A.B. asks: 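The structure follows.
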Amino acid sequence: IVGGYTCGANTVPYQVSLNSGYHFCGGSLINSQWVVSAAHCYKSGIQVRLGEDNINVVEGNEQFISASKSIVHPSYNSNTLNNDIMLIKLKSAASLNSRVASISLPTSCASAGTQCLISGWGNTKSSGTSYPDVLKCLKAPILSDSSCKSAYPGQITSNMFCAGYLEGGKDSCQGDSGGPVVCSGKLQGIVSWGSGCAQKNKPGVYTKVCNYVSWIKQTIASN
Ligand SMILES: Cc1[nH]c2c(F)cc(Br)cc2c1CCN
Ligand SMILES: [Ca+2]
């Protein structure tokens with residue numbers, strides 16, 4: 001996250017770190033057994049880390065649970081990033097509490113101008129590279145479809161939205177991938193892609209979660 005703030009320990013209790021020897025992506029806990037992330041975060045050997053603040057220090061509220069199965073969306077295209085969503089099932093159910101909690105799925109899509117909270121352990125620099133230890137947060141509005149398409153001609157599908165600031169300076173970044181965009185208490189987005197981080201006229205692009213709720217629910221129901 002570039003231009004954000006330190007969230008505070010366990011204040012984003014649905015935020016997960018995906019670890020394969022090291023943090024490589026975020027995700028969102030959606031019930032005791034399932035995490036939502038980005039399809040471009042797929043790899044094998046994933047351990048889900050819940051209750052994290054400093055990802056380099058065991059502080060006492062973590063739960064470390066290996067993935068038993070990952071399911072990349074059937075229509076994910078890795079060239080265009082269309083349908084950039086994945087589900088990860090945990091080998092055992094997480095223990096839910098104030099600091100480890102699921103985030104509700106949307107019942108309808110969100111509107112331009114809605115305020116959202118984006119969070120992650122990604123790069124905090126727009127030029128250069130610095131990776132934080134503690135969770136970072138950014139409040140950012142959803143941008144109009146027309147602004148989003150103007151920023152990225154020919155690249156924005158019906159499964160994507162932009163959020164952030166056209167002036168630059170505040171954005172998600174590398175390593176925030178797969179993490180949450182939460183708006184009015186619902187998981188509306190997944191950190192997906194962009195051109196650089198926090199660059200003028202290049203806001204972040206996010207998977208439009210509301211288009212996937214039927215698939216998420218029926219996947220969970222049979223897996
Ligand atoms: C999700 C993602 N991953 C990135 C990456 F690996 C390198 C760079 Br430069 C940008 C990004 C973004 C977009 C952030 N709005
Ligand atoms: Ca920790």
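Counting begins at 1 with the first residue of the sequence. Heavy-atom basis, side chains included; hydrogens, waters and symmetry copies ignored.
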A.B. asks: Is there a side-chain contact between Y212 and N83 in this structure, where contact means two heavy atoms from C-beta onward sitting under 4.5 Å apart?
C.D. replies: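 Sidechains of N83 and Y212: in contact.
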A.B. asks: Ignoring hydrogens, what is the shortest heavy-atom contact between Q33 and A93? Give both atom names and the distance.
C.D. replies: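 So the minimum-distance heavy-atom pair works out to CG-CB, 4.0 Å.
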A.B. asks: Within 45° of the six-membered ring axis of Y165 and under 6.0 Å from that ring's centre, is NZ or CZ of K170 located there?
C.D. replies: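 Yes, a cation-pi geometry holds between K170 and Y165.
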A.B. asks: Could you tell me whether a side-chain N or O of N61 sits under 3.5 Å from a main-chain N or O of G51, the two making a donor and an acceptor?
C.D. replies: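 Side chain of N61 to backbone of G51: no pair is present.
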A.B. asks: Assess the side chains of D84 and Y206: does a donor N or O sit below 3.5 Å from an acceptor N or O?
C.D. replies: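 No, no side-chain donor-acceptor contact under 3.5 Å.
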A.B. asks: Just wondering, do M160 and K208 contact through their side chains at under 4.5 Å, heavy atoms?
C.D. replies: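 No, too far: nothing below the 4.5 Å cut-off.
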A.B. asks: Looking at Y152 versus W193, is the centre-to-centre ring distance below 6.0 Å?
C.D. replies: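 When the ring centroids of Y152 and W193 are compared, they turn out to be within the sub-6.0 Å range.
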A.B. asks: Tell me, do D133 and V57 make a side-chain contact under 4.5 Å, heavy atoms counted?
C.D. replies: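 Side chain of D133 against side chain of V57, heavy atoms only: no contact under 4.5 Å found.
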A.B. asks: Which atoms form the tightest heavy-atom contact between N123 and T129, and what is the distance?
C.D. replies: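 Result for this residue pair: OD1-CA, 3.5 Å.
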A.B. asks: As a quick check of understanding, evaluate side-chain contact (heavy atoms from CB on, under 4.5 Å) for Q15 and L135, giving each step before the final call.
C.D. replies: CA-CA 9 Å; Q15 171 84 53; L135 185 69; 3.7 Å; yes
A.B. asks: Tell me, do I88 and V36 make a side-chain contact under 4.5 Å, heavy atoms counted?
C.D. replies: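 They are not in contact (no side-chain heavy atoms under 4.5 Å apart), so the answer is no.
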A.B. asks: We want to know whether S37 and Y42 form a side-chain donor-acceptor pair, criterion being a heavy-atom distance below 3.5 angstrom.
C.D. replies: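 There is no such pair (donor and acceptor under 3.5 Å, judged by atom type) between the side chains of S37 and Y42.
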A.B. asks: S177 side chain to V191 main-chain N or O, any donor-acceptor pair under 3.5 Å?
C.D. replies: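 The answer is no, because no donor-acceptor pair under 3.5 Å joins these two groups.
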A.B. asks: So, does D176 use its side chain to make a donor-acceptor pair with the main chain of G122 at under 3.5 Å?
C.D. replies: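 Side chain of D176 to backbone of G122: a pair is present.
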A.B. asks: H40 and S192: side-chain donor and acceptor closer than 3.5 Å?
C.D. replies: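 Looking only at side-chain atoms, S192 and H40 do not form any donor-acceptor pair under 3.5 Å.
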A.B. asks: side-chain contact (heavy atoms from CB on, under 4.5 Å) for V48 and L18? Distances and angles first, verdict last.
C.D. replies: CA-CA 5 Å; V48 175; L18 309 181; 3.9 Å; yes
A.B. asks: For the backbone of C7 and the side chain of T11, can you confirm whether one donor and one acceptor N or O come within less than 3.5 Å of each other?
C.D. replies: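 Yes, because the side chain of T11 sits within donor-acceptor range (under 3.5 Å) of the backbone of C7.
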A.B. asks: Is the backbone N or O of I1 less than 3.5 Å from a side-chain atom of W121, with the two atoms forming a donor-acceptor pair by type?
C.D. replies: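 A pair under 3.5 Å: no.
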A.B. asks: For the residue pair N82 and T157, confirm or rule out a side-chain donor-acceptor distance under 3.5 Å.
C.D. replies: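 Looking only at side-chain atoms, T157 and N82 do form a donor-acceptor pair, the distance falling under 3.5 Å.
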A.B. asks: Mind checking side chain to side chain contact (heavy atoms under 4.5 Å, CB included) for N223 and listing every partner two or more places apart, or none if nothing turns up?
C.D. replies: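 For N223 the side chain to side chain contact (heavy atoms under 4.5 Å, CB included) partners, ignoring immediate neighbours, are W34, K69, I71, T219.
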A.B. asks: Hey, are the side chains of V209 and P106 touching, using non-hydrogen atoms and a 4.5 Å cut-off?
C.D. replies: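 Of all side-chain heavy-atom pairs linking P106 with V209, at least one is under 4.5 Å.
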A.B. asks: Would you mind reporting whether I30 and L87 have side-chain heavy atoms less than 4.5 Å apart?
C.D. replies: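 A side-chain contact exists here, since the closest heavy-atom pair is under 4.5 Å.
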A.B. asks: Looking at CG of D171 and SG of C162, how far apart are the two atoms once the value is rounded to the nearest 0.5 Å?
C.D. replies: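 Answer for the CG-SG pair, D171 versus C162, is 9.5 Å.
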A.B. asks: Over all heavy atoms of both residues, which pair between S32 and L90 is shortest? Give the atoms and the distance, please.
C.D. replies: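 Looks like O-CD1, 3.7 Å.
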A.B. asks: Going by heavy atoms in the side chains, are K139 and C116 under 4.5 Å from each other?
C.D. replies: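 No. Closest side-chain heavy atoms not under 4.5 Å.
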A.B. asks: At what distance, to the nearest 0.5 angstrom, does CG of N201 lie from OG of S147?
C.D. replies: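 One gets 9.0 Å once the value is rounded to the nearest 0.5 Å.
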A.B. asks: Which heavy atom in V72 sits nearest to a heavy atom in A39, and how many Å separate them?
C.D. replies: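 Smallest heavy-atom distance, with atoms named: CG1-CB, 3.8 Å.
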A.B. asks: Would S75 and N77 count as a side-chain contact (heavy atoms from CB on, under 4.5 Å) if you check the C-alpha gap in whole Å, the side-chain angles of each, and the deciding distance to 0.1 Å?
C.D. replies: CA-CA 6 Å; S75 299; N77 181 305; over 6 Å; no
A.B. asks: Between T114 (side chain) and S111 (backbone), is there a donor-acceptor pair under 3.5 Å?
C.D. replies: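 Checking the backbone N and O of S111 against the side chain of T114, a donor-acceptor pair under 3.5 Å is found.
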A.B. asks: Go through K186 and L105 one step at a time and tell me if the side-chain contact (heavy atoms from CB on, under 4.5 Å) criterion holds.
C.D. replies: CA-CA 5 Å; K186 308 298 192 194; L105 295 170; over 6 Å; no
A.B. asks: Quick check: closest heavy atoms across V12 and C137, and the distance to 0.1 Å?
C.D. replies: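 Minimum heavy-atom contact is CG2-SG, 3.8 Å.
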A.B. asks: To the nearest 0.5 Å, how far apart are NE2 in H23 and CD1 in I55?
C.D. replies: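 The CD1 atom of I55 is 5.5 Å from NE2 of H23, to the nearest 0.5 Å.
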A.B. asks: Just by distance, no angles: are the side chains of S66 and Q47 close enough, under 3.5 Å, to form a donor-acceptor pair?
C.D. replies: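 Side-chain D/A pair, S66 to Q47: absent.
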A.B. asks: Within the supplied structure, the quantity of interest is the number of heavy atoms (other residues, nucleotides, ligands) at a distance under 6.0 Å from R99 CZ; does it exceed 12?
C.D. replies: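 It does not: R99 CZ has 12 such atoms or fewer within range.
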A.B. asks: To the nearest 0.5 Å, how far apart are SG in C183 and CZ in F161?
C.D. replies: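 The distance works out to 5.5 Å.
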A.B. asks: Mind checking whether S92 and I65 have side chains closer than 4.5 Å, heavy atoms only?
C.D. replies: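 Sidechains of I65 and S92: in contact.
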A.B. asks: Kindly compute the distance separating CD1 (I103) from CG (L29), expressed to the nearest 0.5 Å.
C.D. replies: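 Going from the CD1 atom of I103 to the CG atom of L29 covers 10.0 Å.
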A.B. asks: Side chains of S20 and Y22: is there a donor and an acceptor less than 3.5 Å apart?
C.D. replies: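 A pair is found: one side chain offers a donor N or O, the other an acceptor, under 3.5 Å apart.
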A.B. asks: Would the distance check show the side chain of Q155 and the main-chain N or O of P153 forming a donor-acceptor pair, the cut-off being under 3.5 Å?
C.D. replies: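 The answer is no, because no donor-acceptor pair under 3.5 Å joins these two groups.
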A.B. asks: Quick one, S17 with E52, criterion side-chain hydrogen bond (donor to acceptor under 3.5 Å, both in side chains). Give me CA distance, side-chain angles, the key distance, then yes/no.
C.D. replies: CA-CA 7 Å; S17 170; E52 287 283 8; 5.8 Å; no
A.B. asks: Mark yes or no: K43 above the aromatic ring of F24, with NZ or CZ under 6.0 Å from the six-membered ring centre and no more than 45 degrees from the axis.
C.D. replies: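 Yes, a cation-pi geometry holds between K43 and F24.
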